[PDB]
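The form deposited without guanosine-5'-triphosphate is given below as one chain in structure tokens.
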């Protein structure tokens, strides 16, 4: 097929949007968690109330509850940030260890020290650029890296780089995985994904907690099916939410409770 993909058309229409229109559209009909108590928790220094460190936790929870991924054994979390995913994985029955890597530093999130349930099996290391980290054995591989750009070409290249690095870690045998695809609608990214699906399996899913201001999808081990179809479906939904007559806003949802306490190691 010649011409632009649907996702590229979405991207173009998104780039043309004015400030006010962008912030209404961003959350139109999306799923959102109420982070109010988690923000007050952060500022009180409450590490034992079960409040997630970020909105990421809820996204991994959406996926795990639908069995799109089932964390087990040694979990590696690439781009762990504050630890939203690392700490949620540590709450999972058959997870034994969680190792998170993240760059940190100015402008970026440092891992937060929490006492959510299983906190004692989490080890997050800041100051790590994963593109230069030699792969290690894992049973579960998580990766939540992807910096946005108005250019789909710049996003395409970013995504491919992630896919190349992710393929390394996947070749070390993890059968459970969950990987953010920044820009899944560009032809080269599709080509690579389709190849990766042949070798490692899985499928691409859109998480409804994602904002309409991005087209991020997760390549997850528990999913299957035609990648092109899944992607186009998302483009169509995101486009269908554009140019709304009246903005109804997001559907709110309760945040995840991660509890507290250590677990047997």
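Numbering follows the first chain given and starts at 1.
Not on display, but discussed next: the form solved in complex with guanosine-5'-triphosphate.
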Quick check: do 93, 115 and 264 each get a heavy atom within 4.5 Å of guanosine-5'-triphosphate in the entry with it bound? no
Examine residue 148 and determine whether its closest non-hydrogen atom to guanosine-5'-triphosphate in the entry with it bound is within 4.5 angstroms. yes
Would residue 22 sit within 4.5 Å of guanosine-5'-triphosphate in the entry with it bound, counting heavy atoms only? yes
If you check in the entry with it bound, is residue 206 within 4.5 Å of guanosine-5'-triphosphate, heavy atoms only? no
Please tell me whether any heavy atom belonging to residue 242 falls inside 4.5 Å of a heavy atom of guanosine-5'-triphosphate, as the geometry stands in the entry with it bound. no
Contact with guanosine-5'-triphosphate in the entry with it bound, heavy atom within 4.5 Å, among 214, 232, 46, 70 goes to 214
guanosine-5'-triphosphate isn't shown here, but in the entry with it bound, which of 149-157, 186-194, 170-178, 115-123 has heavy atoms within 4.5 Å of it? 149-157
